[PDB]
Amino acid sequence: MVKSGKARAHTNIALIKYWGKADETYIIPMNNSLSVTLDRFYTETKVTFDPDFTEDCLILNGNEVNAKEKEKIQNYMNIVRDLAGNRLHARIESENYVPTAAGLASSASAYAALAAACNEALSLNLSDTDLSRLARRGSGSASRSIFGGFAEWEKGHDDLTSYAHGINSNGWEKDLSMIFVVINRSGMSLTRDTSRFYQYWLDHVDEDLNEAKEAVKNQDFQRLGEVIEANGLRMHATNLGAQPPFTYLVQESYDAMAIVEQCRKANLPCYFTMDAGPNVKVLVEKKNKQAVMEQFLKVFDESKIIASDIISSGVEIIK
């Protein structure tokens, strides 16, 4: 009579950025976003519900988490109980296979894996939509880690309507790779709240989205690359307009970017994006991956350069 289940969910990188919430409580975003799920980085999470358990317990990477995390996870589990129509508390044992110490985010793979594991443990047989909705309340980008390849989070306007879906690119994702250049108060809320350049972000984001969607239909790498690169830069521009301004970028970040342009001028097409920190991520065709990396290795330590393929499949039950 103990109910358990285990799942694997991979991280994903936003090509059309989710930046700013319409609703802070249900994690409803100001705009749609588009990502690619990565083969190399994932979370594995086991959940076990027991009538005897008196509260929710999380072991992450072997260790009990602190008090603040316990509170955060307990609160999410509430949503799960509510949805499942029960009152069982759970022991969660999770391992992140994500280089978080190098600055890569784990919340998208974490909540997606925890969602799917709960769906399994409690036999909810949630649709992918509903699975995405449940991951969403934990972390916006988790909503997209329910799927592989290209995924779009439709912003909707409430809990029922805000969720993601997988985009079929006729296998295009099998041809793409991503290089991570690991690089040596403030956030989307501050920006979405006070940025003088936020409306500029809003006025362009949909067009970027569609042009990006159009590029994926035609498997048009250059056309995809150009728009996601400009979109990513605009996101960081919004933070420059925040009250007061801030930036996630450091000089090394600009050095990686310049190496990307040099690659482009030298017959190795590739485009960069950055998120809530100085790491630079390089979208490149798998055919050109080794060579782009070579140009980076001329400048960076081999330990600071990491390649990942794009995975085709979505969140997965472990048996």
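A residue's number is simply how far along the shown sequence it sits, counting from 1. What we label the rigid core is the largest C-alpha set whose atoms superpose within 1.5 Å from one form to the other.
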Looking at C-alpha RMS in 6 other deposited structures of this protein with the core superposed, is it 24-32 or 61-69 that drifts more? 61-69
RMS Cα shift after core superposition in 6 other deposited structures of this protein, winner of 72-80 and 97-105: 97-105
Considering only other entries where residues before and after it are modelled, is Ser127 without coordinates in at least a third? no
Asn239 dropped from a third or more of the other entries of this protein: no
Residues with no coordinates between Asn218 and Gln219, taken from the deposited sequence as a class: none
Assert higher mean C-alpha B factor (28-36 or 45-53, deposited values) equals 45-53
Select between 175-183 and 73-81 the stretch whose C-alpha atoms have the higher average B-factor in the entry. 73-81
For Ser132, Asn231, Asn86, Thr238, the deposited C-alpha B-factor is largest at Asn86
Comparing against every modelled residue in the chain, figure out the third that the C-alpha B-factor of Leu283 lands in (lowest, middle or highest). lowest
Going by the recorded CA B-factors, say which third of the chain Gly225 sits in, lowest, middle or highest. middle
In terms of its chain's C-alpha B-factors, the third that includes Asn12 is the lowest
Going by the recorded CA B-factors, say which third of the chain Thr194 sits in, lowest, middle or highest. highest
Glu154 CA temperature factor, ranked by third within the chain: lowest
